[PDB]
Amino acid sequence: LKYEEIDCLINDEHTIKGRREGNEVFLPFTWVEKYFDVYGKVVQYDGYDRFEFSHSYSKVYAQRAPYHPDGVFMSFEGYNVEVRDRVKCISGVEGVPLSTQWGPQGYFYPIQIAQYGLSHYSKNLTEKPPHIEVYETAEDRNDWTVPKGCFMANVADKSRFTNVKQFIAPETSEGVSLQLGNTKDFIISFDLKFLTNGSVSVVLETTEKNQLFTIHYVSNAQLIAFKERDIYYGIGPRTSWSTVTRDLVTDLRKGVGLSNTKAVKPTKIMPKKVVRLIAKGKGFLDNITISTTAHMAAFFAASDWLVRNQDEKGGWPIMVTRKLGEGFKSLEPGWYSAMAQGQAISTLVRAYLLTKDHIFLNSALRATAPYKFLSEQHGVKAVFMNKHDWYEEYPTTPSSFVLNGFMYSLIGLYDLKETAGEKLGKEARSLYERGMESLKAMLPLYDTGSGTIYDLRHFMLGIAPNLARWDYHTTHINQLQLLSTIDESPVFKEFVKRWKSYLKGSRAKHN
């Protein structure tokens, strides 16, 4: 195959090496990939090599049905919140993500918590039912080890209509130990009440050279800690009955990856066997279980967190500073987010539809309040050019007009208005209608002709556009694809189609 090397001058400033066969010139992908910011690689199949080029690796969610409030939440069946490195851990006390997106301290960010919930809710609807192995009920329907100094016994508990295992072990002892031996499933679950302080510990055989790591759930409020091969999580007093549910995969990886930075250090470590459970102090223990997944317990932990942490104004105040960029006043702690409000509402509505417990709906109804107040009056409302109401992901001065957060704020209002009924849904209905009018009018401002912009800070600050990376662009499409199944407006379908095409390299026509 006869070819000639040829110098290839690039915009009169750099020379790269190409190849030539008569008139056809061939450019190295090393250059193409960097210069155009595109993707490809050689893929080896049985008796066929093929280079495979992509404009992006991000992919649009394959919607299977029109959206409905009790169904999967957009594309979140495929999200995995807990592996994100901005999640420092799943809180021992609250059973939800503690995030570190903006500083290393670790704070409850409501969005991450709602997305934890929504993603698990969605996986509950799409994944295969979990295998559930029961190790201890305490009934009449063993392999505990009680060393000297310790006692164990089955006892009635009238308070909760069951039999229960009581244990007494001092902290100087080896504790009382239940052999488990699960090779496949790593979500451990048990009912727990402590009389005195103590610990429930889980020993794991890992893939790090066959070593045993132990995860201690201790009855204090201690921040996550990691020494050698011991991981410590504070689960609070548990001096009343509650179900503890812990993903040993996540809990192991977050412990070994413990960092003083805003990102968990990557680790490959996996548990390969849940060896045994170790009880110390004085207390009670029931329903000891290992499951493939515990999606509804994750969903409810998020739901209950939202109910308990909503403030008197119906907001989830965000208790860290956020500096959105030069030009934007810094957001002082206690700011609200339209994305938080909406995602929370979408979570609470789902909790209500499952349980019929009006505590969930009552929280969702209150959560519209911040939508009514401008950013400078402790709300999330912004007005674009004295004409279009908007609900801000970041209620900055000047206004920021972030697209994706806004669309989640609307999906929440849709969820609520479809669920509250005509009377009580009035406020949600009205905020939604106004918001969808704004969105239809303003969508074109986010369209570059070969991508989307993330926000309107170019217009509001007089600077370069803050273009959306491909994964945010895909989110825009997923959002509009969703809206397009609950609102029959042609504009949503047109924009979805064009925005999809951008992902495969299509451009708007030039003149």
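Numbers for residues come from their place in the sequence shown, where the first is 1.
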query: Residues of the deposited sequence left unbuilt between residue 142 and residue 141; finding: 4 to 9
query: Mean C-alpha B-factor comparison - 206 to 214 and 344 to 352, higher one; finding: 206 to 214
query: 70 to 78 versus 230 to 238 - which carries the larger mean C-alpha B factor in the record; finding: 230 to 238
query: Of the residues 110, 435, 314, 198, the one carrying the largest Cα B-factor as recorded; finding: 198
query: C-alpha B-factor winner, where the candidates are 247, 171, 392, 415; finding: 171
query: Chain third (lowest, middle, highest) by recorded CA B-factor, residue given as residue 385; finding: middle
query: Residue 405 - which third its CA temperature factor falls in, relative to the rest of the chain; finding: lowest
query: Position of residue 268 among the chain's modelled residues by C-alpha B-factor, lowest, middle or highest third; finding: highest
query: Chain third (lowest, middle, highest) by recorded CA B-factor, residue given as residue 57; finding: highest
query: CA B-factor ranking of residue 310, expressed as a third of its chain; finding: lowest
